[PDB]
Amino acid sequence: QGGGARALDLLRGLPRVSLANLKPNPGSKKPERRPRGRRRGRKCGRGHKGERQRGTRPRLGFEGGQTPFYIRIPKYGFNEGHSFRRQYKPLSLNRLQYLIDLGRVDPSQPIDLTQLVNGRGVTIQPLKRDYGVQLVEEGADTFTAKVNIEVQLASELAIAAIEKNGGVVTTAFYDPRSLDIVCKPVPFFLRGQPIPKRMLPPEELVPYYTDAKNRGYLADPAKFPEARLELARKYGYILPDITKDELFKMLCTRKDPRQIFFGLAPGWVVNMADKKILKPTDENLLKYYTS
Amino acid sequence: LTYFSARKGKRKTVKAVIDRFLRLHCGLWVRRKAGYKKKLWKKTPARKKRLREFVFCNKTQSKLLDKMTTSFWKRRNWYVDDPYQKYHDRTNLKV
Amino acid sequence: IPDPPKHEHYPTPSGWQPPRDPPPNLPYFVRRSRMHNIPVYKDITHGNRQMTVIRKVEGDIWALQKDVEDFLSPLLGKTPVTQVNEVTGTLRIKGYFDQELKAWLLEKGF
Amino acid sequence: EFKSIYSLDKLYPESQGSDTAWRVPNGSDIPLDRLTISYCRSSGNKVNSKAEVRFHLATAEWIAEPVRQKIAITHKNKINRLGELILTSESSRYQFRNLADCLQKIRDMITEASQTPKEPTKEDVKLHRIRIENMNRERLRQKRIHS
Amino acid sequence: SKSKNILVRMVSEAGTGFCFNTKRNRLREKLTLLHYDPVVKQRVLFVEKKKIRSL
RNA sequence: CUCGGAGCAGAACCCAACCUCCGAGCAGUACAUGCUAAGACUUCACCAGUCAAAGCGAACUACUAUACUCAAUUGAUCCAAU
RNA sequence: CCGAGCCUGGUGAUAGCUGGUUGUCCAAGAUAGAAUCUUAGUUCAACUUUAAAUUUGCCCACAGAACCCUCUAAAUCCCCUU
Ligand SMILES: [K+]
Ligand SMILES: [K+]
Ligand SMILES: [K+]
Ligand SMILES: [K+]
Ligand SMILES: [Mg+2]
Ligand SMILES: [Mg+2]
Ligand SMILES: [Mg+2]
Ligand SMILES: [Mg+2]
Ligand SMILES: [Mg+2]
Ligand SMILES: [Mg+2]
Ligand SMILES: [Mg+2]
Ligand SMILES: [Mg+2]
Ligand SMILES: [Mg+2]
Ligand SMILES: [Mg+2]
C-alpha cells in the first residue's frame with residue numbers, strides 16, 4: 001500500500017538512473033587482499049621457512065610418517081556394490097494428496113510415473129541407479145482420495161490407505177532404459193527411434209511382482225480379491241466394491257507389461273512435427289514388437 | 001590428493017577412504033576397530049565385544065574424510081532395505 | 001503452474017486454504033508463492049543460528065514487524081529479535097516460528 | 001488395444017474378464033459396526049498415537065456364550081463398571097497400525113478361551129514370593145474351639 | 001621361549017559347525033570338553049580336531 | 001630404541017637428563033573367559049587401551065561365585081592361508 | 001676446472017636448505033605435549049584469530065581426598081557466598 005508508492009514517488013525527484021550512478025548492494029563484494037604494504041607484505045602470511053613458506057607441504061592425509069588414520073583402519077564392505085543397488089524415490093501420501101488438492105495431478109485419469117513428473121511431484125534420476133518410486137505410508141490417516149496409481153514399490157499400509165477409499169494400486173517394473181523414456185517422453189520422440197518394449201524384471205525381482213500381496217503387474221488376477229480382503233480385516237476397514245462405481249472402467253485400465261505408455265504400442269514412431277504416428281507392417285517387425 | 005585432473009580438470013576421490021568408511025548424510029563417518037580380527041585368542045570377551053562395534057569419527061577426522069571424497073559420496077541415497085537408513089538423519093539435536 | 005481447483009470445504013485434507021477475498025484492508029500485504037503456499041521459510045547458518053523469513057511483503061513492512069513482535073512476545077516472554085529489509089520486502093526473525101506464523105497469516109486471509 | 005505374449009489373459013487364461021480381481025467374495029469374525037473406536041493423542045511431546053477400542057461383552061452375541069464367561073474372568077481387569085471391554089494401543093504413529101493391534105488382541109482372546117489350555121506353563125518370578133506369602137497365610141489360620 | 005603349550009581348535013559334536021579355540025599343554029592327550037554351543041543353546045561335547053599354532 | 005613398578009615428583013593429575021634402582025617378551029586354573037546393553041575412565045592428539053548396573057541365558061542354596069589369578073607378559077593396515 | 005666431454009632437448013628438473021618477497025591506517029595476538037628413517041620438517045593436540053549460538057566462567061567457606069612411610073614442606077584438588 002504505502003511502501004510500494006513511497007519508493008516510486010521518491011524516485012521522481014531524484015536524478016535519472018544511468019550507468020554512472022549504479023553500485024552493488026553493500027555486503028556482496030568483499031575487498032580483495034593483495035600482498036602489498038606493511039600489514040600484508042613481507043612474508044605475506046606464509047610464515048618463516050620450512051615447507052610452509054616454500055609451498056612444499058606433503059599431501060592431504062600424510063601425518064608426518066606414522067601410518068595414517070585412513071590407512072590403519074581395516075577395510076569393510078560398507079559401499080561394496082553401491083553402483084548396482086536399486087534406489088526408489090519415496091512418494092508420501094501427504095505429498096500425493098497435496099498434489100491432488102492443487103490440481104497438479106488429476107485423480108480422474110490413471111496416475112503413472114509420467115503424470116507425477118509432469119506435475120513436479122517427484123524427480124527421478126535414472127543415471128543415479130534410480131528404478132522408480134516407492135509409495136510410503138506417511139500421511140495415511142489424512143489421505144482421502146480415490147486414485148489408480150502405479151508405483152514400482154509400495155508398503156502394506158500405503159496400499160490399505162488407497163484401497164480403503166475405493167482406489168487401486170499396482171506395482172510395475174521399468175528398466176533403466178524405459179524409466180528414462182517414461183519420465184521424459186518428449187526428448188525421446190526427438191530421436192526418431194521406435195518405441196521399445198520394456199524388459200521383464202530380473203530373476204530376483206520376479207517373486208515381488210508375481211505376488212498379489214504386493215499388487216504385482218505380473219500376478220494372477222484371481223488372487224487379488226482374497227488379498228484385498230486380508231488388509232480390510234487386518235486394518236479394520238470395509239472393502240468397497242469398485243465395480244459399482246462409475247470410474248470403474250478407468251481404475252481397471254492397466255498397460256501391457258511390455259508397454260511403456262498408454263495407447264502407444266512398442267514399435268511406433270511418433271512424428272511431432274506433423275502430429276502423426278507411423279506403424280510398421282512388416283511381418284517380422286510386428287512379431288519382434290509383440291514378444 | 002588430485003585437485004585438478006589432467007583429463008577432466010576436476011577433483012578426484014581417494015578410494016582408500018571408500019573401502020574403510022561409511023558416510024551418513026548428516027555428516028557422520030562410521031568405521032571399524034583396528035584389530036577386530038587379530039589375535040582373538042589372547043583377548044578378553046569384553047575387549048572383543050567393543051572391537052566388533054561400529055563407531056563414529058570426530059570433527060577433525062570427518063572434515064578430512066570430506067576433503068578426500070567428492071560430492072557424489074555425500075548425496076542422499078534411497079537404497080532398498082538399507083540397514084543404515086534410519087541413521088542418515090539426526091533427531092532432537094541442539095546447537 | 002495450474003490454478004488450484006475449487007473445493008466445497010476448506011481446509012483441504014492436506015491443509016491448504018485459498019486466500020481470503022477480498023484482501024484484508026491492512027497497511028501491508030503478503031502474497032502467496034507461485035505454488036500457492038504461504039511464503040514463510042526456515043533458514044539456518046553456522047549450524048546453530050535458527051531464523052525465520054517472511055518474503056513477498058508489500059506495503060508498510062514496519063507495521064508487520066509490530067504485529068509480529070506483539071504476537072510472538074507472549075510465546076517467548078520477550079520482544080523477538082527481527083530484521084527488516086525495505087528493499088527486498090522481507091522480515092527475518094531469530095528462531096523457528098514456521099508453523100506458528102503460517103497459521104497466523106491465514107487468519108488474516110493472506 | 002495392445003496384446004503381447006506376456007499379457008495376463010495369456011499368462012493366466014483361467015482369469016479372464018476385467019471384473020475378475022475386484023469381486024468381493026461373499027463366502028466375518030469381527031464386525032466393526034458392533035465396536036466403538038476412538039483415536040486420541042497420548043502424552044502430547046510424544047510421537048505415538050493412541051487408539052482405544054471398546055464394546056459391551058455380554059450384549060455382544062457374535063462370541064460363543066462359554067467364551068464370554070471365560071473372557072470376563074481372565075481379562076476382568078480390562079472391563080469397566082458398565083461391562084465394556086476396553087483395549088488400547090499406542091505403539092505406533094499411524095492410527096491404522098494401532099487399531100490393527102487392538103483387533104488382533106481380540107482374536108487372541110477368543111483363541112485362548114477356546115483352546116482350553118491346561119498345560120503347566122512356567123511360573124513367573126514376581127509370582128514366586130506371593131506363592132510363599134499365601135502359603136504362610138494359611139498356616140496362621142485357626143479353627144473355632146467349639147464349632 | 002620353549003613352546004610348552006599349543007593352540008588347538010575344538011569342534012562341536014552336534015554337527016552345528018560351531019568351533020572355538022583353546023589352549024592346552026603339548027604333552028597331553030586330545031581334549032574332550034563340554035562347552036556351550038549357541039546354535040542349539042545348550043552345553044555339548046567338543047573334541048580337538050587340528051592344531052592352529054605353537055604358543 | 002617397546003612395555004611395567006619405585007625415586008627424583010613429600011599432599012588431585014601431569015613432569016625431563018647417555019639420571020638413580022628393580023623387572024617383563026610368561027605361566028597357571030577354567031571351558032557360560034556365553035550374548036547383550038545404560039553410564040563412565042583414558043598415559044596429555046589420533047590409533048589403541050580400561051571399568052561396568054540392568055537384561056537374555058546359565059550356574060546356585062557351601063565356594064568373599066554372576067566381567068578368573070596375574071604388574072608389564074606386547075604388534076596397526078595391506079596381503080597370504082581357510 | 002674429465003672420478004668422466006660438449007651442445008640441444010626432456011626442463012620453469014628437484015631442493016624439509018639459503019636468499020628475496022613492492023601503498024596507507026587501526027585492531028586481536030608468544031603456544032602443555034604425542035607420533036614420525038623423526039627431532040633444520042611435518043600431522044594431531046594445545047595456544048592464537050574471525051563469525052555464530054547459548055549459559056555460565058574466574059575469584060572461591062565450611063565439609064571432604066591412605067596406608068606403607070625419611071625430610072611430620074611450600075602448596076594443590078574440590079568449592080557455595082562474594
Ligand atoms: K604484525
Ligand atoms: K606483513
Ligand atoms: K643465512
Ligand atoms: K628436515
Ligand atoms: Mg626469509
Ligand atoms: Mg623452521
Ligand atoms: Mg539457508
Ligand atoms: Mg585422552
Ligand atoms: Mg549383571
Ligand atoms: Mg625451485
Ligand atoms: Mg594491539
Ligand atoms: Mg619407520
Ligand atoms: Mg620439533
Ligand atoms: Mg564455583
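We name chains A, B, ... by the order of the sequence lines, and we start the count at 1 in each one.
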G:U43 phosphate, OP1 or OP2, under 4.0 Å from A:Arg57 side-chain N/O: yes
Which heavy-atom pair separates A:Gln53 from A:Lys49 by the least distance, and what is that distance? OE1-N, 2.7 Å
Is A:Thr56 near enough to G:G16 that one of its side-chain N or O atoms lies under 4.0 angstrom from OP1 or OP2? yes
Of the nucleotides F:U50, G:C25, F:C35, which has the atom closest to the B:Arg52 side chain? F:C35
Heteroatom pairs (N/O) under 3.5 angstrom, protein to nucleotides 54-60 of chain F:
from  : atom 1 : to      : atom 2 : distance (Å)
F:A58 : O2'    : E:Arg43 : NH1    : 3.1
F:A59 : OP1    : E:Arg43 : NH2    : 3.2

Between the protein and nucleotides 49-52 of chain G, list the N/O to N/O atom pairs that are separated by less than 3.5 angstrom.
from  : atom 1 : to      : atom 2 : distance (Å)
G:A51 : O2'    : C:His46 : NE2    : 2.8
G:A52 : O3'    : C:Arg49 : NE     : 2.9
G:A52 : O3'    : C:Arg49 : NH2    : 3.3
G:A52 : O2'    : C:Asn48 : OD1    : 2.7
G:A52 : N3     : C:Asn48 : ND2    : 2.7

Out of curiosity, C:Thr88 OG1 to C:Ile61 CD1, how far, rounded to the nearest 0.5 Å? 7.0 Å
Would you say the ring centroid of E:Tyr36 lies under 6.0 angstrom from that of E:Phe20? no
Assign A:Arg54 to base, sugar-phosphate, or nothing according to its heavy-atom contacts below 4.0 angstrom with the strands shown. base
For a quick test of reading the model: is some side-chain N or O of B:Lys38 closer than 4.0 Å to OP1 or OP2 of F:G75? no
Between A:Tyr76 and B:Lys48, which residue's closest nucleotide on RNA chain F lies nearer the 5′ terminus? B:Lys48
Taking a pair to mean Watson-Crick or G-U wobble geometry with both distances below 3.5 Å, F:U69 pairs with F:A27
So for E:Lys23 and F:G28, does any side-chain atom that can act as donor or acceptor lie under 3.5 Å from a complementary atom in the base? yes
Quick note, A:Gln66 side chain, CB onward, closest among F:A45, F:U50, F:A37 is F:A45
Any side-chain N or O of B:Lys43 less than 4.0 Å from the OP1 or OP2 oxygen of F:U33? no
Heavy atoms under 4.0 Å, any strand shown: does E:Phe46 hit a base, just sugar-phosphate, or nothing? nothing
Nearest to the side chain of E:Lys4, heavy atoms from C-beta on, is which of G:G19, G:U22, F:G28? F:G28
Closest to the side chain of B:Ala34, out of F:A48, F:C78, G:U21, is F:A48
Separation between the P atoms of G:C60 and G:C80, rounded to whole Å: 13 Å
Once you apply a heavy-atom cut-off of 4.0 Å, does A:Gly64 come out as touching a base, just sugar-phosphate, or nothing? base
Given that both distances must come in under 3.5 Å, which nucleotide forms a Watson-Crick or G-U wobble pair with F:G7? F:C19
Determine the contact category for B:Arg31: base if any of its heavy atoms lies under 4.0 Å from a base atom, sugar-phosphate if only primed atoms, P, OP1 or OP2 are that close, otherwise nothing. sugar-phosphate
Taking the minimum atom-to-atom distance to the side chain of E:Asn5, which one of G:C25, G:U18, F:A27 wins? F:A27
Let's test your reading of the pairing rules: Watson-Crick or G-U wobble, both distances under 3.5 Å, then write RNA chain G as a dot-bracket string with ( ), [ ], | and dots. ................................((((....))))...................((..........)).....
Could you tell me whether B:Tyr87 and B:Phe56 have their ring centroids closer than 6.0 angstrom? no
Let's go through C:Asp98 and C:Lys42 carefully: what are the C-alpha distance in whole Å and the side-chain angles of both, what is the deciding distance for salt bridge (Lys or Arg N to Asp or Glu O under 4.0 Å) to 0.1 Å, and is it a yes or a no? CA-CA 6 Å; C:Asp98 180 45; C:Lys42 293 191 308 167; 5.9 Å; no
Ignoring the backbone of A:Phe62, work out which of G:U43, G:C26, G:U42 is nearest its side chain. G:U42
State whether the distance check finds a donor on one side and an acceptor on the other, under 3.5 Å, for side chain A:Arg42 versus base G:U21. no
Assess the pair A:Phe78 and B:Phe54: is the distance between their ring centroids shorter than 6.0 Å? yes
Please indicate the pucker of F:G75, north or south, going by the torsion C1'-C2'-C3'-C4'. south
Give the nucleotide from the list F:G75, F:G49, G:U36 with an atom nearest to the side chain of B:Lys39. F:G75
What's B:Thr60 touching, base or sugar-phosphate or nothing? Going by heavy atoms closer than 4.0 Å. sugar-phosphate
Cation-aromatic face contact A:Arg86/B:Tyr79, 6.0 Å, 45 degrees: no
Of G:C25, F:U33, F:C47, the nucleotide closest to the side chain of B:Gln61 is F:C47
Whichever of B:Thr44 and A:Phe69 has the more 5' nearest nucleotide on RNA chain F, that residue is A:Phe69
Looking at E:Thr22 and F:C31, is any side-chain donor or acceptor paired with a base atom of the opposite kind under 3.5 Å? yes
Applying a 4.0 Å non-hydrogen cut-off, can you work out what B:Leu51 is touching in the nucleic acid: base, sugar-phosphate, or nothing? sugar-phosphate
Is it the case that atom CZ in B:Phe72 sees more than 12 heavy atoms from other parts of the structure closer than 6.0 Å? yes
